[PDB]
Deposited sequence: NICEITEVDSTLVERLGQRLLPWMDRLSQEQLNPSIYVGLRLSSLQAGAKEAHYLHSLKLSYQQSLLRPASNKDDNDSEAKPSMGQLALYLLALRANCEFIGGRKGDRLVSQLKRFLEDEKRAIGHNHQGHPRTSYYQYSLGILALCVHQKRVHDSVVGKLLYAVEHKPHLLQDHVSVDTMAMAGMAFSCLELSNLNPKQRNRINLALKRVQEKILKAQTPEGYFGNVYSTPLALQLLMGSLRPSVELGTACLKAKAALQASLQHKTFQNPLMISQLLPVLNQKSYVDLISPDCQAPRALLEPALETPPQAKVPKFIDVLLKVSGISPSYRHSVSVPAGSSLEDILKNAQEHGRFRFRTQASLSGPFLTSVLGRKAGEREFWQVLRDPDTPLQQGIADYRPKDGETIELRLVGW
């Protein structure tokens, strides 16, 4: 296939995998990450049989938390649990171990995911003058996750996604993979034609989105886009060119340590192994993988490091707030934040996600329903990495801006 990453330096891939290895020891309820486990299982890499403990840890945790009694005694809360989109990835984790969801606990969970989608269908509503409470990315994730387990969704639910696509790149790709999955499964034959037409649309909007550099959307949407695109069934001359450009562009960033984020790597590894979430319909759990071994190194400089002087600014609320910090080069935005909070009038709050610390609140202002804290490098360039991964350059002005999407 033309859209498949054929050539990859084994030592590049080994490095990426090594970035995921430490997370296999990180088994707390907030650190457990179904997306990492899927990423590895579909990769050419193995992270010890630490993997088995991981999946087991997931299993126990996603069950204990989501299947809690009729009304829990005296709180209405005690412990944040997995989101429904996360549950969809848990379902993917299961397939990656060649398991179908089952038994009573597994039925209850499929139900939960089904109720999720229904509630989103209703939030959208009627004739689409409404937004999912989460997003169409999670909507598609949900349909996809049930599809790989041979579980059918109501035609009405699937319609909502189909309409959305018929009338970004990451959501295109996920919607695409859901569609691809439903076609290959023939789970909704009563709209078999409409789904096909939707994939052509999806493909189109992705290539349309390609940047001069070769990226579909940006470097980070690229892995997910390639996952959907290696599924072909429309192989063309424009599609071949696009994929060739996209692939070279992606390999180019791999020599620049561009991928640092565990979730991002977990979306990248399958691509480097000619695999996609759609391969979870029937996974090959017999296929060998190279064992990753602990690095155990990290070169001790004993140097005096460069410092960056960086300026932090908060906008989109009254009052705005600036802050001046000098920190070691390679410090992350998150380090700079923690520092500002520690040595200054700054404060902020993050909450866990599978991508890591999501910035939810700044200076006592929590983002609401359709608001979020955007992070940008001034002037008006939105960052492509989160607070923990983005390592500011010298002189930069970093803006935390409360926006209404």
Q.
Numbered from 1 along the deposited sequence, what ranges are absent from the coordinates?
A. 168-176
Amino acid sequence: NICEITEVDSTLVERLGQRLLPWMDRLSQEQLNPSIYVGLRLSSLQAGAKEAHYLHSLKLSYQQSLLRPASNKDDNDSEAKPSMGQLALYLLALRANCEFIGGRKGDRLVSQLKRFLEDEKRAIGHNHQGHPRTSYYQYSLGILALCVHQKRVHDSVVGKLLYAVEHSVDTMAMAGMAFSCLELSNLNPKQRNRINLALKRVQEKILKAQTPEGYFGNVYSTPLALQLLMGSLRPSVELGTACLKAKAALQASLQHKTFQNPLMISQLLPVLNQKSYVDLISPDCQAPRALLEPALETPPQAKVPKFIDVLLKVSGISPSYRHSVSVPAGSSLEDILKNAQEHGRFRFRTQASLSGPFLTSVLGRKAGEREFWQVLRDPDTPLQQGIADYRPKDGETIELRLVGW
From here on, numbers count along this sequence of modelled residues.
Q) Can you tell me which stretch has the higher mean Cα B-factor, 385-393 or 5-13? A) 5-13
Q: Mind pulling up the entry and telling me whether 278-286 or 68-76 has the higher mean Cα temperature factor?
A: 68-76
Q. In this PDB entry, which of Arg322, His128, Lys114, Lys306 has the top CA B-factor?
A. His128
Q) In the PDB entry, which of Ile195, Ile265, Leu144, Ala123 has its C-alpha at the highest B-factor? A) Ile195
Q: Comparing against every modelled residue in the chain, figure out the third that the C-alpha B-factor of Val158 lands in (lowest, middle or highest).
A: middle
Q | Chain thirds of CA B-factor: placement of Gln31 | A | middle
Q: State the tercile, meaning the lowest, middle or highest third, of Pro212 with respect to the CA B-factors recorded for its chain.
A: middle
(Q) How does the C-alpha B factor of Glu183 compare with the rest of the chain: lowest, middle or highest third? (A) highest
**Q.** Within-chain third of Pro82 by Cα B-factor, per the entry
**A.** highest
